[PDB]
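Some notes on the structure that comes next.
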Amino acid sequence: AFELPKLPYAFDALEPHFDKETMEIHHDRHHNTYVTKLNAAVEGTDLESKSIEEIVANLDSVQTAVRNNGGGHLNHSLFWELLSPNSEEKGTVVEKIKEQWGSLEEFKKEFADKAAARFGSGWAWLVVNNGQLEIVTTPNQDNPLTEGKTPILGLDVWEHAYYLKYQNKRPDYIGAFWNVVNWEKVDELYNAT
Amino acid sequence: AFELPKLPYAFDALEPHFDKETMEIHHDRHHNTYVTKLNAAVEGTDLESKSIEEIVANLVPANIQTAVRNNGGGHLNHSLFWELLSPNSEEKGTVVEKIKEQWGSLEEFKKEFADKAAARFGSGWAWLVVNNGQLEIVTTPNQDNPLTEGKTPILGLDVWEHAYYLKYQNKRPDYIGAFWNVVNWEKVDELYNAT
Ligand SMILES: [Fe+3]
Ligand SMILES: [Fe+3]
């Protein structure tokens with residue numbers, strides 16, 4: 001019942017920040033696969049009519065195919081929407097980041113360092129905890145929603161998100177990322193809280 | 001205090017199974033980074049003067065526990081991993097004989113290994129271990145090592161994506177099949193003797 005969403009841009013639109021070979025394989029193999037495995041593990045169960053957000057909200061935060069693939073699907077679904085070739089650092093969440101970090105660049109430093117420390121596969125997140133902003137990281141395809149915090153910006157730091165172009169150089173990937181953040185979508189997600 | 005091992009063969013010696021550029025980067029970057037960060041963690045501690053096997057079997061102060069579990073694990077696992085690969089893989093010796101006994105054949109051991117190696121979600125390792133006399137196949141997350149839970153690793157496959165992504169991208173099962181063509185069974189046997 002879950003469909004693999006189409007990208008709002010062409011594969012090359014994020015160059016030379018995210019390579020077009022990565023984008024293709026990331027979307028068409030990795031995300032496609034989480035979608036199929038997810039559908040397969042949801043046939044017949046308690047979770048059949050559910051939004052992925054709700055499925056993910058009701059997992060454990062401590063192995064199951066719905067945790068791995070369900071998070072896979074959600075994390076990546078947000079992530080294509082959080083990238084844009086037209087990135088303008090403005091709007092409600094930019095301002096709210098200045099109000100809590102002092103400046104946008106202090107925030108990115110904290111983000112970049114939390115993202116580079118996530119050892120193994122995972123995701124680096126800007127979340128909303130009871131109204132206030134927070135940077136968290138998660139292992140594998142886990143998502144802050146499972147811990148009661150709403151993700152508004154995510155960076156995928158599985159090696160598959162950046163190995164073709166950047167190999168081991170994840171801080172060069174995290175740096176290229178800032179040039180492609182759809183801050184209009186970050187706003188949209190903040191606003192739903 | 002710890003130093004980056006040399007590879008026991010050239011960087012292109014495991015072609016066409018494992019590509020040269022992966023081996024170069026895996027070794028000179030990923031592995032050298034685990035060494036750097038492990039030395040930084042054990043600057044002035046009693047662990048600086050211990051054998052890495054003992055350091056990982058004995059997980060150590062809380063504040064550097066995680067740096068050591070991650071980078072110490074990383075140092076050992078890759079150090080084992082290089083010595084476990086050979087340009088002249090030859091499927092014979094004691095452990096292969098013991099595999100054939102406990103699994104029936106080598107092909108069914110490899111299938112069991114392949115499936116577990118494929119199942120490990122996210123980063124990690126697939127191991128053939130000795131556990132109280134018998135052979136079991138286990139996977140660990142990240143750089144964890146079965147030593148830490150008593151078990152003796154005698155073969156290990158790196159399933160972190162950096163280990164296969166340049167040549168194989170998402171096709172971890174193709175990587176796993178290539179692995180068989182470079183396993184160094186003389187090393188598996190050597191490690192098996194220690195028990
Ligand atoms: Fe991903
Ligand atoms: Fe590795």
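Residues in the structure tokens are named by chain (A, B, ... in the order shown) and by number from 1 within that chain; ligands are numbered from 1 in the order shown.
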Discussion item. Env of stretch 117-119 of chain B: 8 Å cut, atoms = only C-alpha atoms, seq-sep filter 5 positions within chain, self excluded. Answer as a ChimeraX atom specification.
Written reply: /B:125-126,139,157,159,172-173,176
Fill in: Test item: residues at most 12 Å from residue B:46, only C-alpha atoms, excluding those fewer than 3 positions along its chain, as an MDAnalysis selection string
chainID B and resid 1 41:43 49:51 54:55 60:61
How about saving the chosen residues, N, CA and C atoms kept, as a short mmCIF file (atom, residue, chain, number, x, y, z; two decimals), in the first residue's frame?
```
data_model
loop_
_atom_site.label_atom_id
_atom_site.label_comp_id
_atom_site.auth_asym_id
_atom_site.auth_seq_id
_atom_site.Cartn_x
_atom_site.Cartn_y
_atom_site.Cartn_z
N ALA B 1 50.72 4.40 20.09
CA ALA B 1 50.87 3.10 20.83
C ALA B 1 50.42 1.92 19.98
N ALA B 41 42.28 8.15 22.41
CA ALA B 41 41.54 7.60 23.58
C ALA B 41 42.41 6.96 24.67
N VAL B 42 43.50 6.29 24.28
CA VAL B 42 44.43 5.65 25.24
C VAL B 42 45.77 6.39 25.29
N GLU B 43 45.73 7.68 25.62
CA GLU B 43 46.96 8.47 25.66
C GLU B 43 47.75 8.13 26.92
N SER B 49 49.04 0.06 27.15
CA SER B 49 50.02 -1.01 27.27
C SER B 49 49.41 -2.43 27.34
N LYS B 50 48.24 -2.65 26.72
CA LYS B 50 47.63 -4.00 26.62
C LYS B 50 47.46 -4.43 25.16
N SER B 51 47.24 -5.73 24.96
CA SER B 51 46.97 -6.28 23.62
C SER B 51 45.51 -6.02 23.25
N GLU B 54 42.76 -8.25 24.22
CA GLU B 54 42.41 -8.13 25.65
C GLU B 54 41.56 -6.89 25.94
N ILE B 55 41.90 -5.77 25.30
CA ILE B 55 41.13 -4.51 25.43
C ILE B 55 39.67 -4.66 24.98
N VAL B 60 37.31 -1.18 31.38
CA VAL B 60 37.61 0.01 30.57
C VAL B 60 36.80 1.26 31.02
N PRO B 61 37.49 2.37 31.38
CA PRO B 61 36.79 3.57 31.92
C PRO B 61 35.64 4.09 31.03
#
```
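Proximity to ligand 1 was assessed for A:159, A:142, A:60, A:184 counting only C-alpha atoms and all ligand atoms; the smallest distance is recorded for A:159.
Around ligand 2, the neighbouring residues within 7 Å, taking only C-alpha atoms and all ligand atoms, come to residues 26, 30, 78, 158, 160, 162 and 163 of chain B.
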Show me, as a tab-separated table, the residues of chain B having an atom within 7 Å of chain A, each with the closest atom pair and its distance in Å, using only C-alpha atoms.
```
residue	atom	partner	partner_atom	distance
B:29	CA	A:168	CA	7.0
B:30	CA	A:168	CA	6.8
B:122	CA	A:121	CA	5.6
B:123	CA	A:120	CA	5.6
B:142	CA	A:120	CA	5.6
B:161	CA	A:159	CA	6.0
B:162	CA	A:159	CA	6.5
B:166	CA	A:164	CA	6.4
```
Worksheet item: Using only C-alpha atoms and all ligand atoms, which residue out of B:32, B:114, B:170, B:74 lies closest to ligand 1?
Response: B:170
Discussion item. Would you pick out the contacts of stretch 143-147 of chain B at 10 Å or less, using only C-alpha atoms, so that residues sharing its chain but fewer than 2 positions from it are not included, and give the list as number ranges by chain?
Written reply: A: 119-120; B: 53-59, 68-78, 123-131, 138-141, 149-153, 156, 158, 160
Worksheet item: Which one is closest to residue B:183: B:136, B:101, B:91, B:112? Count only C-alpha atoms.
Response: B:91
Worksheet, complete the sentence: note - atom CA of residue B:52 and atom CA of residue B:24 are separated by 23.0 Å
Discussion item. Just want the 10 Å neighbourhood of residue A:6, counted on only C-alpha atoms, with same-chain residues fewer than 5 positions away dropped. Output as a list in words.
Written reply: residues 27, 28, 77, 80 and 81 of chain A
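Ranking A:110, A:48, A:172, A:156 by their shortest atom-to-atom distance to ligand 1, with only C-alpha atoms and all ligand atoms included, puts A:156 first.
Between atom CA of residue B:178 and atom CA of residue B:18 there is a distance of 7.3 Å.
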